[PDB]
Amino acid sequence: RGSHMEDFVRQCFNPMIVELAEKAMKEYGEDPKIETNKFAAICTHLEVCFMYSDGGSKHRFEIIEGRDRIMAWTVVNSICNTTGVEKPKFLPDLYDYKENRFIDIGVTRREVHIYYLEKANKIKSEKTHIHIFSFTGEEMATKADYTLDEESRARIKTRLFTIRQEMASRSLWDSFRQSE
């Protein structure tokens, strides 16, 4: 079962990010060779999260993404027990030591408005800061507080649009978009 999307993912993303995404899907029992749109989404979300955590000042963010589930919750636990924040119901993506809150990042193929609505009504962890990015350059953040300065977010949006174009160039964009 060799998908053009699998080969595309492997050439489009850093090998470390492909490895971490494969390990994520295996931690949830999914298979990157079958759920290839999901493979691509997970790689994209990972790259966005790493770029995001690179946006801050040094030591600003604790990266929860890209860890195995047990260790991700371990670090969440330590953050909660040393800071006093409430433990989220669902796994966040980052923790912000500057603003002292968890960040749940999202990347959507649709209007950021409706994806943000879904996530907010899902988690309802309140304290957890939400930050949606779209493949068209839109973003949406809790309380209109976008955490990072403009240029760091602009980089992320540029990269998302480049991924979109690469997929389109290979005719994978349609199925990806109509898979979410």
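The numbering used is simple: start at 1 and walk along the sequence shown.
Taking the mean C-alpha B-factor of each stretch as recorded, 22-30 and 129-137 are not equal, and the higher mean is that of 22-30.
The question of which stretch, 82-90 or 100-108, has the higher mean Cα B factor is settled in favour of 82-90.
Among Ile42, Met51, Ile114, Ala154, the highest C-alpha B-factor recorded in the PDB entry belongs to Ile114. Within the listed group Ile123, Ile64, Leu46, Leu148, the record reports its top CA B-factor for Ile123. Placement of the Cα temperature factor of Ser169 within the chain: highest third of the modelled residues, per the deposited record. Among the modelled residues of its chain, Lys58 has a C-alpha B-factor that falls in the middle third according to the deposited record.
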